[PDB]
Amino acid sequence: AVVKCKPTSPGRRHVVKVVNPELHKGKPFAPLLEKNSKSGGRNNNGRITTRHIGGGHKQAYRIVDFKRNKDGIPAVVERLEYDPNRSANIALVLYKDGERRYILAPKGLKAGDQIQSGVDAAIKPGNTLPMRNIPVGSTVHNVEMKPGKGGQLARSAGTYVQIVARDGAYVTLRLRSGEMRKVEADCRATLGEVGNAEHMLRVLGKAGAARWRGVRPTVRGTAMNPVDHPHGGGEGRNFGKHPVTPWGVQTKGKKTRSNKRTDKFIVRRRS
Amino acid sequence: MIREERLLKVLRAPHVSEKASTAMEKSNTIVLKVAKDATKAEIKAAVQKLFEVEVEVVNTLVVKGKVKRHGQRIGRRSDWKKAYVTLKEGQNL
Amino acid sequence: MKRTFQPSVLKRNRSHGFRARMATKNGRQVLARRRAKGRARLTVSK
RNA sequence: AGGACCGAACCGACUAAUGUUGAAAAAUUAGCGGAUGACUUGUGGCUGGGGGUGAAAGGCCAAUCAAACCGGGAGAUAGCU
RNA sequence: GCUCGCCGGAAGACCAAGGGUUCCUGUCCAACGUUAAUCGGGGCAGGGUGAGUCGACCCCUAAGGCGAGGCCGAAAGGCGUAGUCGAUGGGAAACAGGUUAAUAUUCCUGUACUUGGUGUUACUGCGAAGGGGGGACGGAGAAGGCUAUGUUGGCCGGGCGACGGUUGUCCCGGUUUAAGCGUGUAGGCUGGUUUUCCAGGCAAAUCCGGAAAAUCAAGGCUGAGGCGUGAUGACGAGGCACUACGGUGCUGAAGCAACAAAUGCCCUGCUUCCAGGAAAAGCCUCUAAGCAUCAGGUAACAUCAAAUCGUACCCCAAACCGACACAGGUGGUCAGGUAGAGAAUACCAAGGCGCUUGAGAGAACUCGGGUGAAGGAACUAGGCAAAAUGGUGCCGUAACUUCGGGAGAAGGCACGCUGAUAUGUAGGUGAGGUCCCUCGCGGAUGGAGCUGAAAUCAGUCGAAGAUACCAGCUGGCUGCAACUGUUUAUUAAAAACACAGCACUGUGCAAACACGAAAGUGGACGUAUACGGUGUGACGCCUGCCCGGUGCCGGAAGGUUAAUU
Ligand SMILES: [Mg+2]
Ligand SMILES: [Mg+2]
Ligand SMILES: [Mg+2]
Ligand SMILES: [Mg+2]
Ligand SMILES: [Mg+2]
Ligand SMILES: [Mg+2]
Ligand SMILES: [Mg+2]
Ligand SMILES: [Mg+2]
Ligand SMILES: [Mg+2]
Ligand SMILES: [Mg+2]
Ligand SMILES: [Mg+2]
Ligand SMILES: [Mg+2]
Ligand SMILES: [Mg+2]
Ligand SMILES: [Mg+2]
Ligand SMILES: [Mg+2]
Ligand SMILES: [Mg+2]
Ligand SMILES: [Mg+2]
Ligand SMILES: [Mg+2]
Ligand SMILES: [Mg+2]
Ligand SMILES: [Mg+2]
Ligand SMILES: [Mg+2]
Ligand SMILES: [Mg+2]
Ligand SMILES: [Mg+2]
Ligand SMILES: [Mg+2]
Ligand SMILES: [Mg+2]
Ligand SMILES: [Mg+2]
Ligand SMILES: [Mg+2]
Ligand SMILES: [Mg+2]
Ligand SMILES: [Mg+2]
Ligand SMILES: [Mg+2]
Ligand SMILES: [Mg+2]
Ligand SMILES: [Mg+2]
Ligand SMILES: [Mg+2]
Ligand SMILES: [Mg+2]
Ligand SMILES: [Mg+2]
Ligand SMILES: [Mg+2]
Ligand SMILES: [Mg+2]
Ligand SMILES: [Mg+2]
Ligand SMILES: [Mg+2]
Ligand SMILES: [Mg+2]
Ligand SMILES: [Mg+2]
Ligand SMILES: [Mg+2]
Ligand SMILES: [Mg+2]
Ligand SMILES: [Mg+2]
Ligand SMILES: [Mg+2]
Ligand SMILES: [Mg+2]
Ligand SMILES: [Mg+2]
Ligand SMILES: [Mg+2]
Ligand SMILES: [Mg+2]
Ligand SMILES: [Mg+2]
Ligand SMILES: [Mg+2]
Ligand SMILES: [Mg+2]
Ligand SMILES: [Mg+2]
Ligand SMILES: [Mg+2]
């Protein structure tokens with residue numbers, strides 16, 4: 001649910017939280033965990049290559065099965081869990097054969113529900129089938145680019161993909177961005193949407209909350225000197241130039257996609 | 001079992017001082033100058049061979065040489081090794 | 001007040017030591033130059 | 001509960017006086033701000049000079065910064081003193 | 001040596017880092033020490049650092065580094081796999097007393113513990129470069145049980161007081177004891193157990209995970225402290241004798257109890273919150289190959305080993321960083337008494353110091369302070385500076401407000417000491433004695449003793465009772481910035497930066513973008529409820545007209561046009 005805090009202090013007045021009483025409160029499943037230390041936007045050269053990244057809370061990586069390649073064996077939702085690494089919630093499923101896996105938790109899937117993957121799985125939320133066997137018009141998430149590669153589309157909270165058409169070896173997908181993209185029919189998908197749709201109603205409320213998520217402050221280019229931004233300079237507040245990136249590229253409307261390898265797979269750009 | 005040449009080489013000289021004397025009268029302990037590369041087992045064996053006494057335990061420390069001056073010139077002495085060996089309360093050396 | 005030299009033997013050795021010098025050909029150029037001049041102390045090691 | 005309140009440690013540095021061949025190449029004394037947080041601190045590590053880093057002052061990068069330091073081109077050039 | 005003063009959350013004590021003989025003894029005063037120096041961190045010489053348990057080394061990993069092959073690159077080199085290094089983290093084990101001029105958890109005394117190796121015996125499925133478990137982890141908050149420690153009473157030794165009094169409801173001092181072992185308590189968590197079945201754990205597995213019956217319902221893991229022992233012990237005021245007047249030798253009484261109580265322990269616990277909280281080894285366990293009347297595993301005993309290196313001394317400082325014996329800087333640990341909420345503050349204890357020129361005088365003037373007639377901001381750029389306020393409990397408190405605030409608004413009253421209530425109250429603690437039982441660190445009853453607020457009433461001293469130190473000035477109107485934060489280290493702290501929020505725009509994932517001649521890497525083990533760039537800057541009401549100029553987006557008819565031919 002979505003609850004706003006009482007204004008008992010200036011840093012609390014505008015905080016809007018998303019509360020989920022259903023999420024598990026204990027520690028996550030230990031054998032499905034890994035460490036991932038923070039980079040702070042630095043690459044192997046040690047240079048900042050993405051700005052505004054640093055700090056935040058320590059996080060453990062939950063190994064999430066994006067492929068869903070356990071065909072036939074039924075599985076039951078043991079619980080729903082909080083994952084720091086992504087905006088979506090995850091679910092711990094127990095397979096009939098005794099194996100436990102983390103999956104992306106779809107909308108509406110509670111504890112005790114049955115899920116199944118494969119051609120023989122039914123048309124039910126949380127079930128993973130080839131898009132060849134998924135009917136036209138269905139709403140899916142965790143969509144594959146290439147067969148066997150794993151879901152790479154519609155993975156964040158409240159996101160889904162609709163199957164608009166099927167012609168031969170390819171189905172058409174209307175992506176969340178508004179783009180029409182062609183995908184091989186053998187690529188898998190999971191029925192239903194991604195849960196936690198009310199993720200985007202949260203209001204951070206204060207600067208520190210954004211600092212907790214490892215986001216460092218952004219400085220406007222017009223607030224600095226010309227030696228370190230094209231926007232720099234001026235006695236007082238002056239702009240008089242076309243807005244650009246810190247590296248001189250026009251940053252309002254100039255298209256930057258240039259990939260001739262994959263233009264054939266785009267039916268229609270998002271526009 | 002240590003070669004006899006090594007044993008004849010590991011004992012340098014006996015240390016004489018008020019502390020060495022008091023150890024000798026009270027705790028039946030002789031204090032010796034030994035090679036910088038001498039171990040406790042070698043000290044024990046050499047004292048049992050060349051002194052004909054019986055040892056029960058060896059204690060070792062390394063003394064650092066002093067920085068001195070000779071005619072307004074910097075100069076330093078060598079870091080040597082000192083051993084306390086406890087004799088078995090009947091040896092009388 | 002806090003001055004610029006805050007000594008640490010480990011960091012001194014890792015930045016300017018003999019093995020740190022020998023790790024690169026430019027450090028070896030440093031050693032070669034200091035040998036040619038006749039320096040009694042090639043590195044911070046001793 | 002809280003980038004909540006008063007207030008020591010701790011981190012700072014708003015006012016005044018002193019000091020200005022100082023006790024000190026930035027401090028002392030009396031007041032002052034924060035003090036569970038975007039806090040502070042130890043140890044070790046990474047980013048290198050038209051480069052780094054910068055909650056952005058052209059700030060900081062070993063008392064040096066609108067282009068560090070050391071060596072070299074080099075006895076640069078100087079219609080100037 | 002006797003007085004005086006200063007610190008005492010330090011200006012005491014013990015470490016780490018850093019330094020390197022500055023430590024101790026003798027000797028000297030040339031130079032060094034801001035003066036003298038017989039003194040010294042100065043000169044010179046001699047001495048001093050004792051470990052199976054502390055630390056390193058060692059085993060294991062983090063960030064990161066290096067990196068056989070490999071990929072890439074004019075050369076130099078870059079990156080990176082397998083590996084191998086890398087603590088600031090994980091991993092076995094010792095306490096108390098005594099002792100030197102200088103070392104001690106290292107030496108001695110007493111009493112312990114760990115690991116490993118060999119051999120004898122007994123039983124016996126062992127075996128990993130593999131599987132599983134464990135190690136193993138956040139913030140805040142609350143309570144109970146304790147201890148460290150303190151106070152008092154009892155007891156034991158001593159005293160009867162320089163000047164009125166002091167055989168007492170008097171004064172002074174002591175009243176200490178460890179690890180280890182045994183006990184398994186206050187407390188925390190977990191339902192046991194036996195069979196059978198199995199797409200899972202790369203192969204297997206009795207191990208782990210999953211499923212199903214039966215049966216029991218009590219078993220297991222963890223755990224401060226207390227008690228017993230350790231301990232007929234050591235220690236202990238005091239006393240007796242030597243003294244080289246520094247100290248040496250001998251003995252040694254009591255050595256109990258109650259109350260108070262931590263920020264330390266139970267506690268890596270419990271509760272709750274979101275921002276969701278290392279790794280790997282040691283350790284347990286299982287099998288694979290292999291070995292299978294041998295090896296190998298378990299237990300008893302015995303013996304042997306535990307190396308090497310560090311250990312002095314300073315360590316908020318005269319020994320480290322600041323050129324100095326420099327009002328500076330420097331991480332961790334201990335934490336007594338009265339008053340106090342307190343690690344504030346004042347005075348003290350333990351302990352440590354009087355800051356390496358002094359002696360006079362008592363001019364102007366400077367600096368740091370105290371007081372001031374009458375006036376009260378008239379000063380001045382400006383109340384700068386100073387003065388002033390200042391605690392606890394209760395009564396009481398406006399506009400406006402985003403309903404939280406404003407607010408400690410403003411303002412006001414009481415406050416000491418003594419007696420009574422009540423020879424010490426409410427409460428807290430809590431023995432005996434007794435009673436019950438699965439008999440013990442049990443339950444129930446009980447209340448001796450100890451401890452002890454707050455209040456009312458009466459009385460009483462002073463000019464003054466929040467009496468010292470300590471410790472908000474208050475109110476009104478208005479600009480700017482929503483707010484907490486950040487910044488010109490060293491003349492600017494702000495209205496500047498950031499901010500939560502908003503909008504535009506890019507980006508379909510081998511993403512855009514960034515660092516890289518490249519390989520690669522970050523973005524991100526993320527996937528449009530995501531990520532980058534730009535502008536604006538909580539919130540409320542809102543954001544109007546212009547596409548001519550210049551950008552950017554879309555288009556492709558007609559003109560122009562490169563290499564080419
Ligand atoms: Mg950004
Ligand atoms: Mg922004
Ligand atoms: Mg500016
Ligand atoms: Mg420019
Ligand atoms: Mg202007
Ligand atoms: Mg203009
Ligand atoms: Mg606060
Ligand atoms: Mg600052
Ligand atoms: Mg200033
Ligand atoms: Mg101050
Ligand atoms: Mg405040
Ligand atoms: Mg405060
Ligand atoms: Mg400027
Ligand atoms: Mg500088
Ligand atoms: Mg230049
Ligand atoms: Mg030239
Ligand atoms: Mg010249
Ligand atoms: Mg004090
Ligand atoms: Mg000396
Ligand atoms: Mg002199
Ligand atoms: Mg003289
Ligand atoms: Mg001395
Ligand atoms: Mg001396
Ligand atoms: Mg040793
Ligand atoms: Mg020993
Ligand atoms: Mg190679
Ligand atoms: Mg490499
Ligand atoms: Mg290693
Ligand atoms: Mg370490
Ligand atoms: Mg000592
Ligand atoms: Mg006690
Ligand atoms: Mg505390
Ligand atoms: Mg010592
Ligand atoms: Mg001095
Ligand atoms: Mg000083
Ligand atoms: Mg400090
Ligand atoms: Mg002086
Ligand atoms: Mg005077
Ligand atoms: Mg005056
Ligand atoms: Mg006055
Ligand atoms: Mg007056
Ligand atoms: Mg008057
Ligand atoms: Mg008046
Ligand atoms: Mg006036
Ligand atoms: Mg005037
Ligand atoms: Mg003032
Ligand atoms: Mg004042
Ligand atoms: Mg105005
Ligand atoms: Mg502001
Ligand atoms: Mg400044
Ligand atoms: Mg990539
Ligand atoms: Mg602005
Ligand atoms: Mg407009
Ligand atoms: Mg054309």
Side-chain angles (χ1 to χ4, degrees), chain A residues 6-14 28 35-37 39 41-50 53 55-61 72-73 82 84-87 94-100 145 152-159 175-177 179 181 196-197 199-200 203-213 216-225 227-228 231 242-247 249-257 259 261-262 266, chain B residues 17-19 22-23 26-27 39-41 59-64 66-67 82 84, chain C residues 1-11 23 25:
Chain A
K6 301 218 153 187
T8 44
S9 58
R12 288 291 292 211
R13 173 182 295 281
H14 305 294
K35 71 174 264 288
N36 70 310
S37 57
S39 68
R42 274 79 158 160
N43 84 330
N44 44 6
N45 291 336
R47 299 283 184 85
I48 293 161
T49 74
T50 299
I53 293 177
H57 203 293
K58 198 185 207 173
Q59 292 170 340
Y61 186 67
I73 309 100
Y82 173 91
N85 299 276
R86 77 203 60 253
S87 53
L94 174 53
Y95 281 90
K96 198 141 173 306
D97 80 11
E99 175 182 338
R100 277 183 186 91
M145 304 266 153
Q152 283 180 284
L153 309 173
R155 278 159 45 146
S156 45
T159 67
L175 308 183
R176 181 67 178 171
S177 73
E179 172 189 289
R181 191 211 162 69
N196 202 11
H199 162 80
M200 75 187 165
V203 179
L204 279 297
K206 55 179 206 174
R211 306 300 307 280
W212 295 335
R213 290 158 201 263
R216 295 201 86 243
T218 289
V219 188
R220 296 159 298 109
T222 185
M224 64 184 73
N225 296 123
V227 69
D228 52 36
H231 291 184
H242 300 112
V244 294
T245 72
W247 301 278
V249 188
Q250 189 274 331
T251 189
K252 295 270 181 44
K254 169 156 207 62
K255 296 184 171 67
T256 57
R257 161 184 175 89
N259 186 308
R261 182 163 55 73
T262 58
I266 309 304
Chain B
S17 72
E18 196 262 323
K19 191 175 189 184
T22 194
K26 288 186 77 174
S27 312
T39 58
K40 287 174 172 170
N59 276 2
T60 59
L61 57 83
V62 171
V63 177
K64 316 309 182 282
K66 283 166 174 181
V67 175
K82 170 155 74 191
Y84 301 89
Chain C
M1 293 182 286
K2 175 156 178 174
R3 296 301 170 188
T4 53
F5 182 54
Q6 294 309 317
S8 160
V9 175
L10 174 69
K11 270 169 73 186
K25 64 90 176 179

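Here is the naming used below: chain letters follow the sequence lines, and residue numbers restart at 1 for every chain.
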Base of [N] relative to its sugar, syn (within 90° of 0) or anti?
N      : result
E/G404 : syn
E/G161 : syn
E/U488 : syn
E/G246 : syn

- prompt: Are B/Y84 and E/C107 stacked, counting the six-membered base ring, centres under 5.5 Å, planes under 30°?
  reply: no
field: ring centroid sep under 5.5 Å plus plane angle under 30, A/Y82 with E/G276
entry: yes
Under 5.5 Å between six-membered ring centres and under 30° between their planes: does that hold for the bases of [N] and [M]?
N      : M      : value
E/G430 : E/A431 : no
E/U166 : E/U167 : no
E/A524 : E/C525 : no
E/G50  : E/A51  : no
E/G255 : E/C256 : no

is_pair(E/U175, E/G459) Watson-Crick or wobble, both dists under 3.5 angstrom: no
Phosphate OP1/OP2 of [N]: any [X] side-chain N/O under 4.0 Å:
X      : N      : value
A/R220 : E/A498 : yes
A/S9   : E/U484 : no
B/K40  : E/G50  : no
A/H231 : E/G535 : yes
A/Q152 : E/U527 : no
A/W247 : E/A514 : no
B/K82  : E/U49  : yes
B/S17  : E/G48  : yes
A/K206 : E/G501 : no
A/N196 : E/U529 : no
A/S156 : E/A528 : yes
A/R47  : E/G516 : yes
A/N43  : E/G520 : no
A/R176 : E/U529 : yes

Pick north or south for the sugar of [N]; the rule is positive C1'-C2'-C3'-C4' for north, negative for south.
N      : result
E/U49  : south
D/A67  : south
E/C160 : south
E/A510 : south
E/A292 : north

query: Using a cut-off of 4.0 Å on non-hydrogen atoms, how would the nucleic acid contact of B/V67 be classed: base, sugar-phosphate, or nothing?
result: sugar-phosphate
- request: Would you classify A/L153 as touching base, sugar-phosphate or nothing, given that sugar-phosphate means primed atoms plus P, OP1 and OP2, and contacts are heavy atoms under 4.0 Å?
  value: base
Check: [X] side chain, [N] base, donor-acceptor under 3.5 Å:
X      : N      : answer
B/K26  : E/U100 : no
A/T50  : E/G522 : yes
A/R13  : E/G404 : yes
A/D228 : D/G54  : yes

field: Groove assignment for B/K66, based on side-chain heavy atoms closer than 5.0 Å to base atoms
entry: major
Strand partner of [N], provided both Watson-Crick or wobble distances fall under 3.5 Å:
N      : result
E/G537 : none
E/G83  : E/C66
E/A253 : none
E/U380 : none
E/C469 : none

Without decimals, in angstroms, what is the distance between [X] [atom1] and [N] [atom2]?
X      : N      : atom1 : atom2 : result
A/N45  : E/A514 : CG    : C1'   : 11 Å
A/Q250 : E/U507 : CD    : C1'   : 15 Å
A/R42  : D/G45  : CZ    : P     : 17 Å

statement: Considering only heavy side-chain atoms of B/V62, the closest of E/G48, E/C509, E/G310 is E/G310
- prompt: Of the candidate nucleotides E/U534, E/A498, E/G508, which contains the atom at the shortest distance from the side chain of A/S177?
  reply: E/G508
query: Taking A/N85 for the side chain and A/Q59 for the main chain, is one N or O donor matched with an acceptor at less than 3.5 Å?
result: no
statement: Residues A/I73 and A/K96: closest non-hydrogen pair is CG2-N, 3.7 Å
- request: For A/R257 and A/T262, test the side chains for any donor-to-acceptor distance below 3.5 angstrom and give the result as yes or no.
  value: yes
- prompt: Which residue, C/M1 or A/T218, contacts RNA chain D at a nucleotide closer to its 5' end, judged by nearest heavy atom?
  reply: C/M1
message: Closest-nucleotide mapping onto RNA chain D: is C/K11 or C/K2 further toward the 5' terminus? I mean the 5' end.
response: C/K2
query: For nucleotides 56-77 of chain E, read 5' to 3', which letter fits each nucleotide if B means a protein heavy atom sits under 4.0 Å from the base, S means only the sugar-phosphate is that close, and - means neither?
result: ------SS------------SS
task: Sticking with atom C1', work out how far E/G91 lies from D/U53, rounded to a whole angstrom.
output: 40 Å
